[PDB]
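Student: Here you go, one structure.
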Amino acid sequence: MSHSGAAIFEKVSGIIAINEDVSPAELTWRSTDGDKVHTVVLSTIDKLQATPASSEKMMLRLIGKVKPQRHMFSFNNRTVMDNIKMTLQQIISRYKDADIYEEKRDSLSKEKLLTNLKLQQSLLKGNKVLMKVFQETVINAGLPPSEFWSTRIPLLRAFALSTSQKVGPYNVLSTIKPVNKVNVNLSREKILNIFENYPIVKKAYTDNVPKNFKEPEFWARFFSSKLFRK
Amino acid sequence: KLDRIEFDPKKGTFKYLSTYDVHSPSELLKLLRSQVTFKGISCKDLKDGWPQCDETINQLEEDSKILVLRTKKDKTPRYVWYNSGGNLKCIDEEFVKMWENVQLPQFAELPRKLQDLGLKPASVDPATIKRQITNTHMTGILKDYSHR
Amino acid sequence: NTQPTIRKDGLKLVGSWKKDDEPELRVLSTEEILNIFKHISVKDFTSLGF
Amino acid sequence: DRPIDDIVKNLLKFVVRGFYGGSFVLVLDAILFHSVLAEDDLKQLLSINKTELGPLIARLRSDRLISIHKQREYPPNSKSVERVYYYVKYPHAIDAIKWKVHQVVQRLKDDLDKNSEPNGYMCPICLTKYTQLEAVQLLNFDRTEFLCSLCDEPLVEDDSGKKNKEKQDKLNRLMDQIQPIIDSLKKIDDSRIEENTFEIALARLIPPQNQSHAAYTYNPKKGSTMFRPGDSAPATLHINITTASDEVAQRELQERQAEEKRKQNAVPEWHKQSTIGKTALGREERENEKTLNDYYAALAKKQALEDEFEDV
Ligand SMILES: [Zn+2]
């Protein structure tokens, strides 16, 4: 498999295993007799160091971010080492992106419209000229709020319809193009559209976003997953 | 403080701590299956703390549940291992002797002989393995863009 | 396969292979010689006079 | 492990447990449980002696159930040594068992056919076997008894007359007992098995000891034209979620790029105008919102180690 194999640590031979189920992922090295055990959390790894394929040695070092922590593993077969290098690269790359992201960061009738105080407050806050009239005519003069909005029904309706309309359905996943390093540009509008067209994505989104990992990691896994292809 | 003695706070007694706390055949069978290396638990330490181990080991030997290495001086079980295969004895001696009599052909000729018999040869003859300047004022500025 | 330079040492045949520092050397087992000679085709060793 | 690999492993285990003694199972099972296993490590695992490991390895090598690999290992802090590693080559082991299984059955079949033939005759003195056809040319003139040539003594009928049923019984037991092997081979034939090599087998290694003196690594010599008998075998994804502020921010970046792109194509200044007359070339609302917010609060209430390395 690509998640386990033989390795030698500190001149001691043992089995190296890559644990990805537990978040954050950690690498556990277990000695043949089990006398000595070493475990390292992949979140602390800054860079991945691997010996060149042109050298007889087949070592592989995992350097930790800070006297930076250093873990050196010696393998026996290049294919086994290669089978583990690529898998380890995926975990670090996704977590590095997550770390980068973390560091970087009806109601259209006269009755209801005259009764929807939230909408009346919402439109008034944005509008400044209406504040001038409202402040003088309602606060100081004392005109009833209901009477003031009686003659401005079209104004209330126009503002409500702006935020009360939604675009039609469409093939959302087909628009996404991965465009080695490949970059994609998602948007909040795209996120909502994906959920509506594909309830399964929402099902896996609601149950894992706060629990396990941040949204950028979730969508990084989703696109790389076979589910996105399917 | 010693690792060979186990303390009992319930009564305040000191009891010997055997290397493998096994006293029943069922416990022994699972212990061997749990081994991560191929090393067999020595009967010397298994016998210690166990009033009868050869009787239990011999019982498992008959049932082919475990693998037992026997002494050469006098019959006594040495390091034992879990039996991951089938029955230890499943062939008659009359055929084992015939097995010894069979002499395999030459290595380079075995696939041909098997192919002549019509059986599929899961190998090939190794003989078939085909082992397969002007303007020198810019001494080092020029980078070799030979291909694209 | 690159053929070796064969020299007679005592009653054994020793073949040396030239690398692509010092050349590789090993003893040609009699079994190896017998195996190879049996592979020669009928036309091949007739050209050698046999 | 592929399902076919398990079948092959089961086939090898059955063969050794049945057609070999007890100690043989220990040696081969260790090689199957692990990958290529050094002799020194193999000795420690089984706690067997050299005079005991020899016969087991030797017999398991003649039948080709276990392969051998020799290489030069160079420990850094001690005198080197030529190491010996033992592994299993499934295509060769499967062929060896297949031929032997066929050979054993063939011998019984020939014996069954041979026994069906007429018994023959034997001479008690010189212990020479004579067939029925051969005996007819040596009988005495009296035509009463068969006389030997060397001894001139009456012949005695040979045995095996009553074995006609015994040989058939033996053959029946063989096929029934070897039945698991035949079924395993059928499944083995269906799939195709890749030949194993010291390097390939090393991929599945499970180290035997914490500190093994044997270095389980393969270091072929560079540019080695030597060929030995039978030693040769056949991205990152980054995503970015864009918010409303980012969208407008991104728009200005393209606008700046567009202006630069236009400039990259725009003609120079001197080409824009005809330069003849010029000299020739030569060397507060916040308070209003707050009171409104408070006022509505009332209205709502009212209304309610230094080595070479690279970067991967
Ligand atoms: Zn006679």
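By convention here, the chains of the structure tokens are called A, B, ... in the order presented, each chain's residues are numbered starting at 1, and ligands are numbered starting at 1 in the order presented.
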Quick one: residues within 12 Å of ligand 1, with only C-alpha atoms and all ligand atoms, as a list in words?

Tutor: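 For ligand 1, the residues inside 12 Å are residues 121, 122, 123, 124, 125, 126, 127, 128, 129, 130, 135, 138, 146, 147, 148, 149, 150, 151, 152, 153, 154, 155 and 156 of chain D.
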
Student: Show me, as a list in words, every residue of chain B with an atom at most 8 Å from chain C, counting only C-alpha atoms.

Tutor: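 Result, ordered by chain then number: residues 108, 130 and 131 of chain B.
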
Student: State, in Å with one decimal place, the distance from atom CA of residue 88 of chain D to atom CA of residue 175 of chain D.

Tutor: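 Going from atom CA of residue 88 of chain D over to atom CA of residue 175 of chain D covers 26.1 Å.
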
Student: Compile the residues of chain D that lie within 7 Å of chain A, evaluated using only C-alpha atoms, and express the compilation as an NGL selection string.

Tutor: :D and (199 or 202-203 or 205-211 or 216-217 or 219 or 235-243 or 308-312)

Student: Considering only alpha helix (DSSP H) as DSSP defines it on the backbone, what residues of segment 25-135 of chain B qualify? List them as a PDB file with N, CA, C and O atoms, in the first residue's frame.

Tutor:
```pdb
ATOM      1  N   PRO B  25      -5.147 -22.582  27.123  1.00  0.00           N
ATOM      2  CA  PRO B  25      -4.836 -22.680  25.688  1.00  0.00           C
ATOM      3  C   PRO B  25      -5.429 -21.551  24.865  1.00  0.00           C
ATOM      4  O   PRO B  25      -4.799 -21.106  23.897  1.00  0.00           O
ATOM      5  N   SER B  26      -6.622 -21.071  25.220  1.00  0.00           N
ATOM      6  CA  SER B  26      -7.243 -20.002  24.446  1.00  0.00           C
ATOM      7  C   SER B  26      -6.403 -18.733  24.490  1.00  0.00           C
ATOM      8  O   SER B  26      -6.207 -18.072  23.463  1.00  0.00           O
ATOM      9  N   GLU B  27      -5.897 -18.375  25.672  1.00  0.00           N
ATOM     10  CA  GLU B  27      -5.060 -17.185  25.783  1.00  0.00           C
ATOM     11  C   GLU B  27      -3.776 -17.340  24.978  1.00  0.00           C
ATOM     12  O   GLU B  27      -3.329 -16.395  24.318  1.00  0.00           O
ATOM     13  N   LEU B  28      -3.167 -18.528  25.022  1.00  0.00           N
ATOM     14  CA  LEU B  28      -1.927 -18.748  24.285  1.00  0.00           C
ATOM     15  C   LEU B  28      -2.144 -18.597  22.785  1.00  0.00           C
ATOM     16  O   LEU B  28      -1.316 -18.000  22.086  1.00  0.00           O
ATOM     17  N   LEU B  29      -3.255 -19.130  22.272  1.00  0.00           N
ATOM     18  CA  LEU B  29      -3.501 -19.078  20.835  1.00  0.00           C
ATOM     19  C   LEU B  29      -3.588 -17.640  20.342  1.00  0.00           C
ATOM     20  O   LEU B  29      -3.023 -17.298  19.297  1.00  0.00           O
ATOM     21  N   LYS B  30      -4.292 -16.779  21.082  1.00  0.00           N
ATOM     22  CA  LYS B  30      -4.406 -15.384  20.672  1.00  0.00           C
ATOM     23  C   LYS B  30      -3.088 -14.640  20.843  1.00  0.00           C
ATOM     24  O   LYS B  30      -2.783 -13.736  20.058  1.00  0.00           O
ATOM     25  N   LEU B  31      -2.296 -15.000  21.856  1.00  0.00           N
ATOM     26  CA  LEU B  31      -1.021 -14.324  22.067  1.00  0.00           C
ATOM     27  C   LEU B  31      -0.090 -14.529  20.879  1.00  0.00           C
ATOM     28  O   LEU B  31       0.542 -13.578  20.404  1.00  0.00           O
ATOM     29  N   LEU B  32       0.005 -15.764  20.381  1.00  0.00           N
ATOM     30  CA  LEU B  32       0.857 -16.029  19.228  1.00  0.00           C
ATOM     31  C   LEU B  32       0.374 -15.278  17.997  1.00  0.00           C
ATOM     32  O   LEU B  32       1.186 -14.720  17.249  1.00  0.00           O
ATOM     33  N   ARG B  33      -0.940 -15.250  17.769  1.00  0.00           N
ATOM     34  CA  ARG B  33      -1.479 -14.545  16.611  1.00  0.00           C
ATOM     35  C   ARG B  33      -1.182 -13.053  16.676  1.00  0.00           C
ATOM     36  O   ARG B  33      -1.130 -12.387  15.636  1.00  0.00           O
ATOM     37  N   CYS B  43       9.481 -21.681  25.236  1.00  0.00           N
ATOM     38  CA  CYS B  43       8.783 -22.484  26.229  1.00  0.00           C
ATOM     39  C   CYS B  43       9.398 -22.334  27.612  1.00  0.00           C
ATOM     40  O   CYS B  43       8.737 -22.636  28.613  1.00  0.00           O
ATOM     41  N   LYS B  44      10.648 -21.873  27.694  1.00  0.00           N
ATOM     42  CA  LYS B  44      11.301 -21.730  28.991  1.00  0.00           C
ATOM     43  C   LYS B  44      10.546 -20.749  29.880  1.00  0.00           C
ATOM     44  O   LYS B  44      10.281 -21.033  31.054  1.00  0.00           O
ATOM     45  N   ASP B  45      10.187 -19.586  29.336  1.00  0.00           N
ATOM     46  CA  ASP B  45       9.424 -18.599  30.087  1.00  0.00           C
ATOM     47  C   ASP B  45       7.929 -18.885  30.084  1.00  0.00           C
ATOM     48  O   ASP B  45       7.243 -18.526  31.048  1.00  0.00           O
ATOM     49  N   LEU B  46       7.410 -19.518  29.031  1.00  0.00           N
ATOM     50  CA  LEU B  46       6.007 -19.915  29.023  1.00  0.00           C
ATOM     51  C   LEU B  46       5.742 -21.016  30.041  1.00  0.00           C
ATOM     52  O   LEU B  46       4.697 -21.019  30.700  1.00  0.00           O
ATOM     53  N   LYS B  47       6.677 -21.960  30.181  1.00  0.00           N
ATOM     54  CA  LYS B  47       6.530 -22.991  31.201  1.00  0.00           C
ATOM     55  C   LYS B  47       6.549 -22.388  32.597  1.00  0.00           C
ATOM     56  O   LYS B  47       5.782 -22.814  33.468  1.00  0.00           O
ATOM     57  N   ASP B  54       3.620 -28.274  28.190  1.00  0.00           N
ATOM     58  CA  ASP B  54       3.823 -29.290  27.163  1.00  0.00           C
ATOM     59  C   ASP B  54       2.525 -30.026  26.862  1.00  0.00           C
ATOM     60  O   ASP B  54       2.215 -30.303  25.698  1.00  0.00           O
ATOM     61  N   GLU B  55       1.750 -30.349  27.900  1.00  0.00           N
ATOM     62  CA  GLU B  55       0.467 -31.007  27.683  1.00  0.00           C
ATOM     63  C   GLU B  55      -0.461 -30.128  26.854  1.00  0.00           C
ATOM     64  O   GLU B  55      -1.127 -30.611  25.932  1.00  0.00           O
ATOM     65  N   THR B  56      -0.516 -28.833  27.168  1.00  0.00           N
ATOM     66  CA  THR B  56      -1.333 -27.920  26.376  1.00  0.00           C
ATOM     67  C   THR B  56      -0.735 -27.710  24.990  1.00  0.00           C
ATOM     68  O   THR B  56      -1.459 -27.720  23.987  1.00  0.00           O
ATOM     69  N   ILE B  57       0.584 -27.521  24.914  1.00  0.00           N
ATOM     70  CA  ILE B  57       1.230 -27.323  23.620  1.00  0.00           C
ATOM     71  C   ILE B  57       1.067 -28.563  22.753  1.00  0.00           C
ATOM     72  O   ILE B  57       0.753 -28.468  21.559  1.00  0.00           O
ATOM     73  N   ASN B  58       1.274 -29.746  23.334  1.00  0.00           N
ATOM     74  CA  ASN B  58       1.084 -30.977  22.578  1.00  0.00           C
ATOM     75  C   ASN B  58      -0.357 -31.106  22.102  1.00  0.00           C
ATOM     76  O   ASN B  58      -0.612 -31.588  20.993  1.00  0.00           O
ATOM     77  N   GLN B  59      -1.313 -30.679  22.930  1.00  0.00           N
ATOM     78  CA  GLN B  59      -2.710 -30.703  22.512  1.00  0.00           C
ATOM     79  C   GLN B  59      -2.930 -29.820  21.291  1.00  0.00           C
ATOM     80  O   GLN B  59      -3.633 -30.209  20.351  1.00  0.00           O
ATOM     81  N   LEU B  60      -2.336 -28.624  21.287  1.00  0.00           N
ATOM     82  CA  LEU B  60      -2.455 -27.747  20.127  1.00  0.00           C
ATOM     83  C   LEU B  60      -1.655 -28.275  18.943  1.00  0.00           C
ATOM     84  O   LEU B  60      -2.045 -28.064  17.790  1.00  0.00           O
ATOM     85  N   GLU B  61      -0.537 -28.956  19.206  1.00  0.00           N
ATOM     86  CA  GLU B  61       0.250 -29.527  18.117  1.00  0.00           C
ATOM     87  C   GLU B  61      -0.562 -30.553  17.337  1.00  0.00           C
ATOM     88  O   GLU B  61      -0.521 -30.578  16.102  1.00  0.00           O
ATOM     89  N   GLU B  62      -1.308 -31.405  18.042  1.00  0.00           N
ATOM     90  CA  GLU B  62      -2.134 -32.398  17.363  1.00  0.00           C
ATOM     91  C   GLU B  62      -3.205 -31.729  16.513  1.00  0.00           C
ATOM     92  O   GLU B  62      -3.520 -32.200  15.413  1.00  0.00           O
ATOM     93  N   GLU B  93       3.100 -40.795   4.260  1.00  0.00           N
ATOM     94  CA  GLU B  93       4.537 -40.990   4.096  1.00  0.00           C
ATOM     95  C   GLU B  93       4.858 -41.726   2.802  1.00  0.00           C
ATOM     96  O   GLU B  93       5.932 -41.524   2.223  1.00  0.00           O
ATOM     97  N   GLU B  94       3.947 -42.581   2.331  1.00  0.00           N
ATOM     98  CA  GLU B  94       4.183 -43.304   1.088  1.00  0.00           C
ATOM     99  C   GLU B  94       4.371 -42.362  -0.093  1.00  0.00           C
ATOM    100  O   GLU B  94       5.084 -42.708  -1.041  1.00  0.00           O
ATOM    101  N   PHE B  95       3.751 -41.184  -0.057  1.00  0.00           N
ATOM    102  CA  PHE B  95       3.907 -40.190  -1.112  1.00  0.00           C
ATOM    103  C   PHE B  95       5.072 -39.244  -0.869  1.00  0.00           C
ATOM    104  O   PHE B  95       5.653 -38.736  -1.834  1.00  0.00           O
ATOM    105  N   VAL B  96       5.429 -38.995   0.392  1.00  0.00           N
ATOM    106  CA  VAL B  96       6.570 -38.133   0.687  1.00  0.00           C
ATOM    107  C   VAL B  96       7.848 -38.749   0.131  1.00  0.00           C
ATOM    108  O   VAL B  96       8.697 -38.058  -0.444  1.00  0.00           O
ATOM    109  N   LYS B  97       8.002 -40.061   0.298  1.00  0.00           N
ATOM    110  CA  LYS B  97       9.163 -40.762  -0.234  1.00  0.00           C
ATOM    111  C   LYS B  97       9.202 -40.616  -1.749  1.00  0.00           C
ATOM    112  O   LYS B  97      10.268 -40.392  -2.331  1.00  0.00           O
ATOM    113  N   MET B  98       8.041 -40.744  -2.395  1.00  0.00           N
ATOM    114  CA  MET B  98       7.975 -40.533  -3.837  1.00  0.00           C
ATOM    115  C   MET B  98       8.345 -39.100  -4.194  1.00  0.00           C
ATOM    116  O   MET B  98       8.964 -38.850  -5.235  1.00  0.00           O
ATOM    117  N   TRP B  99       7.976 -38.144  -3.338  1.00  0.00           N
ATOM    118  CA  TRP B  99       8.354 -36.754  -3.571  1.00  0.00           C
ATOM    119  C   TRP B  99       9.868 -36.594  -3.591  1.00  0.00           C
ATOM    120  O   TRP B  99      10.415 -35.877  -4.437  1.00  0.00           O
ATOM    121  N   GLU B 100      10.563 -37.254  -2.662  1.00  0.00           N
ATOM    122  CA  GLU B 100      12.020 -37.205  -2.659  1.00  0.00           C
ATOM    123  C   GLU B 100      12.599 -37.819  -3.926  1.00  0.00           C
ATOM    124  O   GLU B 100      13.594 -37.318  -4.462  1.00  0.00           O
ATOM    125  N   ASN B 101      11.992 -38.902  -4.418  1.00  0.00           N
ATOM    126  CA  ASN B 101      12.522 -39.579  -5.596  1.00  0.00           C
ATOM    127  C   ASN B 101      12.455 -38.695  -6.833  1.00  0.00           C
ATOM    128  O   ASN B 101      13.336 -38.776  -7.697  1.00  0.00           O
ATOM    129  N   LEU B 110      13.108 -26.748 -18.031  1.00  0.00           N
ATOM    130  CA  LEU B 110      11.828 -27.044 -17.388  1.00  0.00           C
ATOM    131  C   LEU B 110      10.652 -26.447 -18.149  1.00  0.00           C
ATOM    132  O   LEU B 110       9.675 -27.171 -18.410  1.00  0.00           O
ATOM    133  N   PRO B 111      10.664 -25.165 -18.530  1.00  0.00           N
ATOM    134  CA  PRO B 111       9.501 -24.629 -19.257  1.00  0.00           C
ATOM    135  C   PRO B 111       9.213 -25.375 -20.546  1.00  0.00           C
ATOM    136  O   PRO B 111       8.043 -25.578 -20.894  1.00  0.00           O
ATOM    137  N   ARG B 112      10.255 -25.793 -21.268  1.00  0.00           N
ATOM    138  CA  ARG B 112      10.040 -26.545 -22.499  1.00  0.00           C
ATOM    139  C   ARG B 112       9.405 -27.898 -22.212  1.00  0.00           C
ATOM    140  O   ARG B 112       8.479 -28.320 -22.915  1.00  0.00           O
ATOM    141  N   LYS B 113       9.890 -28.599 -21.184  1.00  0.00           N
ATOM    142  CA  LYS B 113       9.308 -29.892 -20.840  1.00  0.00           C
ATOM    143  C   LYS B 113       7.859 -29.739 -20.400  1.00  0.00           C
ATOM    144  O   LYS B 113       6.990 -30.509 -20.824  1.00  0.00           O
ATOM    145  N   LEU B 114       7.576 -28.746 -19.554  1.00  0.00           N
ATOM    146  CA  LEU B 114       6.198 -28.515 -19.133  1.00  0.00           C
ATOM    147  C   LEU B 114       5.316 -28.136 -20.313  1.00  0.00           C
ATOM    148  O   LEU B 114       4.181 -28.615 -20.419  1.00  0.00           O
ATOM    149  N   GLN B 115       5.815 -27.286 -21.211  1.00  0.00           N
ATOM    150  CA  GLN B 115       5.065 -26.933 -22.407  1.00  0.00           C
ATOM    151  C   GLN B 115       4.808 -28.137 -23.301  1.00  0.00           C
ATOM    152  O   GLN B 115       3.728 -28.234 -23.894  1.00  0.00           O
ATOM    153  N   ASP B 116       5.772 -29.052 -23.410  1.00  0.00           N
ATOM    154  CA  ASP B 116       5.546 -30.287 -24.149  1.00  0.00           C
ATOM    155  C   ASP B 116       4.434 -31.113 -23.519  1.00  0.00           C
ATOM    156  O   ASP B 116       3.632 -31.719 -24.238  1.00  0.00           O
ATOM    157  N   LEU B 117       4.372 -31.149 -22.186  1.00  0.00           N
ATOM    158  CA  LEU B 117       3.274 -31.820 -21.506  1.00  0.00           C
ATOM    159  C   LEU B 117       1.939 -31.128 -21.749  1.00  0.00           C
ATOM    160  O   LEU B 117       0.890 -31.715 -21.462  1.00  0.00           O
TER     161      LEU B 117
END
```

Student: Could you write out, as number ranges by chain, all the residues of segment 41-205 of chain A that DSSP marks as strand (DSSP E)?

Tutor: A: 41, 45-50, 59-64, 70-74, 181-187

Student: Could you turn the residues from that selection into a file that holds N, CA and C atoms, as a PDB file, in the first residue's frame?

Tutor:
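File selection_17.pdb, as written:
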```
ATOM      1  N   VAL A  41       3.121  14.797  14.285  1.00  0.00           N
ATOM      2  CA  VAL A  41       1.932  15.377  13.672  1.00  0.00           C
ATOM      3  C   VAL A  41       2.350  16.120  12.411  1.00  0.00           C
ATOM      4  N   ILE A  45       5.067  19.972  10.091  1.00  0.00           N
ATOM      5  CA  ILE A  45       6.059  19.848   9.027  1.00  0.00           C
ATOM      6  C   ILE A  45       6.031  21.103   8.168  1.00  0.00           C
ATOM      7  N   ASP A  46       7.208  21.684   7.936  1.00  0.00           N
ATOM      8  CA  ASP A  46       7.336  22.867   7.094  1.00  0.00           C
ATOM      9  C   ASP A  46       7.653  22.496   5.649  1.00  0.00           C
ATOM     10  N   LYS A  47       8.638  21.625   5.446  1.00  0.00           N
ATOM     11  CA  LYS A  47       9.047  21.190   4.120  1.00  0.00           C
ATOM     12  C   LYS A  47       9.258  19.684   4.125  1.00  0.00           C
ATOM     13  N   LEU A  48       9.230  19.100   2.931  1.00  0.00           N
ATOM     14  CA  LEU A  48       9.464  17.674   2.739  1.00  0.00           C
ATOM     15  C   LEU A  48      10.803  17.497   2.037  1.00  0.00           C
ATOM     16  N   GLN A  49      11.728  16.802   2.694  1.00  0.00           N
ATOM     17  CA  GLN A  49      13.070  16.582   2.176  1.00  0.00           C
ATOM     18  C   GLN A  49      13.213  15.128   1.747  1.00  0.00           C
ATOM     19  N   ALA A  50      13.602  14.921   0.491  1.00  0.00           N
ATOM     20  CA  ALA A  50      13.791  13.588  -0.060  1.00  0.00           C
ATOM     21  C   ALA A  50      15.104  13.546  -0.825  1.00  0.00           C
ATOM     22  N   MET A  59      16.904   7.838   1.746  1.00  0.00           N
ATOM     23  CA  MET A  59      16.425   8.465   2.966  1.00  0.00           C
ATOM     24  C   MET A  59      15.297   9.447   2.657  1.00  0.00           C
ATOM     25  N   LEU A  60      14.577   9.831   3.709  1.00  0.00           N
ATOM     26  CA  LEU A  60      13.462  10.766   3.581  1.00  0.00           C
ATOM     27  C   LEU A  60      13.287  11.466   4.917  1.00  0.00           C
ATOM     28  N   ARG A  61      13.486  12.782   4.938  1.00  0.00           N
ATOM     29  CA  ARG A  61      13.420  13.564   6.164  1.00  0.00           C
ATOM     30  C   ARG A  61      12.179  14.446   6.163  1.00  0.00           C
ATOM     31  N   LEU A  62      11.524  14.523   7.319  1.00  0.00           N
ATOM     32  CA  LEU A  62      10.377  15.401   7.541  1.00  0.00           C
ATOM     33  C   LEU A  62      10.817  16.476   8.531  1.00  0.00           C
ATOM     34  N   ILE A  63      11.041  17.685   8.027  1.00  0.00           N
ATOM     35  CA  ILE A  63      11.526  18.790   8.844  1.00  0.00           C
ATOM     36  C   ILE A  63      10.333  19.567   9.384  1.00  0.00           C
ATOM     37  N   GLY A  64      10.355  19.851  10.681  1.00  0.00           N
ATOM     38  CA  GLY A  64       9.276  20.558  11.340  1.00  0.00           C
ATOM     39  C   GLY A  64       9.572  22.039  11.499  1.00  0.00           C
ATOM     40  N   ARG A  70      13.490  17.722  13.271  1.00  0.00           N
ATOM     41  CA  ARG A  70      13.888  16.916  12.125  1.00  0.00           C
ATOM     42  C   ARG A  70      13.607  15.450  12.413  1.00  0.00           C
ATOM     43  N   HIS A  71      12.923  14.790  11.483  1.00  0.00           N
ATOM     44  CA  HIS A  71      12.669  13.356  11.543  1.00  0.00           C
ATOM     45  C   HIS A  71      13.185  12.732  10.256  1.00  0.00           C
ATOM     46  N   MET A  72      14.108  11.784  10.384  1.00  0.00           N
ATOM     47  CA  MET A  72      14.750  11.146   9.244  1.00  0.00           C
ATOM     48  C   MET A  72      14.324   9.687   9.169  1.00  0.00           C
ATOM     49  N   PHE A  73      13.827   9.279   8.004  1.00  0.00           N
ATOM     50  CA  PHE A  73      13.411   7.907   7.753  1.00  0.00           C
ATOM     51  C   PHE A  73      14.203   7.355   6.578  1.00  0.00           C
ATOM     52  N   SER A  74      14.742   6.150   6.744  1.00  0.00           N
ATOM     53  CA  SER A  74      15.493   5.468   5.701  1.00  0.00           C
ATOM     54  C   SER A  74      14.671   4.299   5.181  1.00  0.00           C
ATOM     55  N   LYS A 181       0.879  22.629 -10.661  1.00  0.00           N
ATOM     56  CA  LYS A 181       0.017  23.417  -9.789  1.00  0.00           C
ATOM     57  C   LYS A 181      -1.174  23.918 -10.591  1.00  0.00           C
ATOM     58  N   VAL A 182      -2.378  23.667 -10.083  1.00  0.00           N
ATOM     59  CA  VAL A 182      -3.619  24.083 -10.726  1.00  0.00           C
ATOM     60  C   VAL A 182      -4.439  24.882  -9.721  1.00  0.00           C
ATOM     61  N   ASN A 183      -4.983  26.010 -10.171  1.00  0.00           N
ATOM     62  CA  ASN A 183      -5.705  26.943  -9.319  1.00  0.00           C
ATOM     63  C   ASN A 183      -7.129  27.134  -9.826  1.00  0.00           C
ATOM     64  N   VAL A 184      -8.058  27.326  -8.890  1.00  0.00           N
ATOM     65  CA  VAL A 184      -9.459  27.581  -9.197  1.00  0.00           C
ATOM     66  C   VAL A 184      -9.926  28.764  -8.362  1.00  0.00           C
ATOM     67  N   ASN A 185     -10.958  29.450  -8.850  1.00  0.00           N
ATOM     68  CA  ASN A 185     -11.490  30.654  -8.215  1.00  0.00           C
ATOM     69  C   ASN A 185     -12.965  30.425  -7.892  1.00  0.00           C
ATOM     70  N   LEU A 186     -13.238  29.993  -6.664  1.00  0.00           N
ATOM     71  CA  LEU A 186     -14.608  29.830  -6.208  1.00  0.00           C
ATOM     72  C   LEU A 186     -15.150  31.152  -5.670  1.00  0.00           C
ATOM     73  N   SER A 187     -16.468  31.197  -5.488  1.00  0.00           N
ATOM     74  CA  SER A 187     -17.140  32.378  -4.968  1.00  0.00           C
ATOM     75  C   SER A 187     -18.348  31.950  -4.150  1.00  0.00           C
TER      76      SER A 187
END
```

Student: Up to 9 Å from chain C, what residues of chain D turn up? Count only C-alpha atoms and give them as a PDB file with N, CA and C atoms, in the first residue's frame.

Tutor:
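Produced file out-v5.pdb, reproduced below:
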```pdb
ATOM      1  N   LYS D 222      27.163   0.526 -10.704  1.00  0.00           N
ATOM      2  CA  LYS D 222      26.907   1.384 -11.854  1.00  0.00           C
ATOM      3  C   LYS D 222      27.669   0.874 -13.070  1.00  0.00           C
ATOM      4  N   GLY D 223      26.991   0.830 -14.212  1.00  0.00           N
ATOM      5  CA  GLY D 223      27.630   0.380 -15.439  1.00  0.00           C
ATOM      6  C   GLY D 223      28.170  -1.030 -15.353  1.00  0.00           C
ATOM      7  N   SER D 224      27.419  -1.938 -14.735  1.00  0.00           N
ATOM      8  CA  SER D 224      27.846  -3.322 -14.567  1.00  0.00           C
ATOM      9  C   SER D 224      27.315  -4.145 -15.735  1.00  0.00           C
ATOM     10  N   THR D 225      28.200  -4.478 -16.675  1.00  0.00           N
ATOM     11  CA  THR D 225      27.816  -5.303 -17.812  1.00  0.00           C
ATOM     12  C   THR D 225      27.662  -6.774 -17.447  1.00  0.00           C
ATOM     13  N   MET D 226      28.063  -7.170 -16.241  1.00  0.00           N
ATOM     14  CA  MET D 226      27.968  -8.566 -15.838  1.00  0.00           C
ATOM     15  C   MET D 226      26.519  -9.032 -15.837  1.00  0.00           C
ATOM     16  N   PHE D 227      26.312 -10.277 -16.261  1.00  0.00           N
ATOM     17  CA  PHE D 227      25.021 -10.943 -16.155  1.00  0.00           C
ATOM     18  C   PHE D 227      25.247 -12.313 -15.535  1.00  0.00           C
ATOM     19  N   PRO D 229      23.794 -16.143 -13.995  1.00  0.00           N
ATOM     20  CA  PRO D 229      22.762 -17.120 -14.377  1.00  0.00           C
ATOM     21  C   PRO D 229      21.523 -16.993 -13.505  1.00  0.00           C
TER      22      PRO D 229
END
```

Student: Kindly give the distance, in Å, that separates atom CA of residue 84 of chain D and atom CA of residue 70 of chain D, rounded to a single decimal.

Tutor: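 Taking atom CA of residue 84 of chain D and atom CA of residue 70 of chain D, their separation equals 4.9 Å.
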
Student: Give me, as a PyMOL selection string, the contact residues of chain B against chain D at a cut-off of 7 Å, counting only C-alpha atoms.

Tutor: chain B and resi 37-39+69+85-86+88-91+96+98-99+102+114+121-123+126+129

Student: Pick from B:9, B:24, B:146, B:35: nearest to chain A, with only C-alpha atoms counted?

Tutor: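 The answer is B:35, which sits nearest to chain A.
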
Student: For residue 200 of chain A, find every residue with an atom within 12 Å (counting only C-alpha atoms), except residues of its own chain fewer than 6 positions away, and show them as a list in words.

Tutor: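 Within the cut-off, the hits are residues 194, 206, 207, 222, 227, 228 and 230 of chain A.
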